[PDB]
Each structure stands twice: as structure tokens, then as C-alpha cells.
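J.: need the 3D shape of this:
(2 chains)
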Amino acid sequence: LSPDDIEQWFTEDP
Amino acid sequence: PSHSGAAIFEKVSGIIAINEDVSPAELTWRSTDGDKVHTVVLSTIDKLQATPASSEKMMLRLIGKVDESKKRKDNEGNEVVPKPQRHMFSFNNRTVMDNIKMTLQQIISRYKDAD
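T.: Residues are numbered from 1 along each chain as shown, chains lettered A, B, ... in the order given. The protein structure is shown below:
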């Protein structure tokens, strides 16, 4: 819904 | 795999092609079917965002330079702090996106070295 949401895609999880 | 890489724009599919023959060099996205087309100025590209290979998350983000020093006034007669340009693209082959992120870096650095 927000830009930060798409940013998480780059952060992901190990 | 240089100056071209099948990229997805606005959730739509197409190919992303870069041309450094034009000043300032730009990038043009062309749908697969040819229903949508997009153009971006690379010379502004201040930062390149790309999802790691280890991350199943496929995506590529382009950051355009800004100029908040300009100080633009709003309809309310008050000054505002402009925001930096940022594009969002999606790829299916880490290699293709890898080329774009690599090729784009060559353009920025190309202008960075000059200044």
C-alpha cells in the first residue's frame, strides 16, 4: 500500500 | 545483455532498452505486445536499486537526481521541499536485471566522473 511496502522486497528475510 | 533487458513496467511486461547515443542518455521501455511504452532520462539516475539474487524478490528501482535547493512554492503560497525521482521495474531473469543495473551504473558513473 505504501512505498515502504515495496522496499521490504529488497530487505526480505534469511 | 547490454543496453536492453526485458523489464516489467507498471506490472506490465515489455523490454527495457538504454541508449547512450542521446544526451542526456535515456532508457525506453517497450511492452511485449507493443501496447505501452515508457521513457526515462538516465542522466538523472543518482542511485540504482536492485534485488539480490539470493532474494527470490525480483525487482529493479531507478533513482533520479533531485534539487530541493530550488524551493518550490505550493498553491497555499508556502515553500515546499521537492522529492527525488524514483522508478520501479520488475525482471524475471536476475541476469537481465543484472545487466540493466550494470549498464545504468556505467551511465551515472559516466556523468559522475565528469563532475
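
J.: the residue lying closest to residue B:88 once chain neighbours are set aside pairs with what?
T.: Distances taken as Cβ to Cβ, 6 or more residues apart in numbering or on different chains place residue B:61 nearest to residue B:88, at 5.5 Å, with adjacent residues excluded. Any C-beta I mention is one placed from the backbone N, CA and C, and that applies to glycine too. Assessed by DSSP bridges, residue B:61 has beta-bridge partners residue B:49, residue B:88.

J.: write out the residues of chain A neighbouring chain B.
T.: Contact residues, chain A versus chain B (Cβ under 8 Å from any Cβ of the partner chain): A:6, A:9-10, A:12.

J.: may I ask which of those has the most neighbours?
T.: Top of those by neighbour number is residue A:9, holding 16 neighbours under the definition other Cβ atoms under 10 Å in any protein chain shown.

J.: measure that residue to residue B:60 for me?
T.: 11 Å (Cβ to Cβ, to the nearest Å).

J.: same question, residue B:40
T.: Residue B:40 is 12 Å from residue B:60, by Cβ to Cβ.

J.: can you pull the contacts of residue 12?
T.: Since no chain was named, I'll use chain A. B:52, B:55-57 (Cβ atoms under 8 Å, 6 or more residues apart in numbering or on different chains).

J.: looking at chain B here, not the other one
T.: B:31, B:35-36.

J.: now residue B:86
T.: B:61-64.

J.: ok, residue B:112 next?
T.: Per Cβ under 8 Å, 6+ apart, neighbours of residue B:112: none.

J.: what about residue A:8, how many neighbours?
T.: Residue A:8: 10 surrounding residues under other Cβ under 10 Å.
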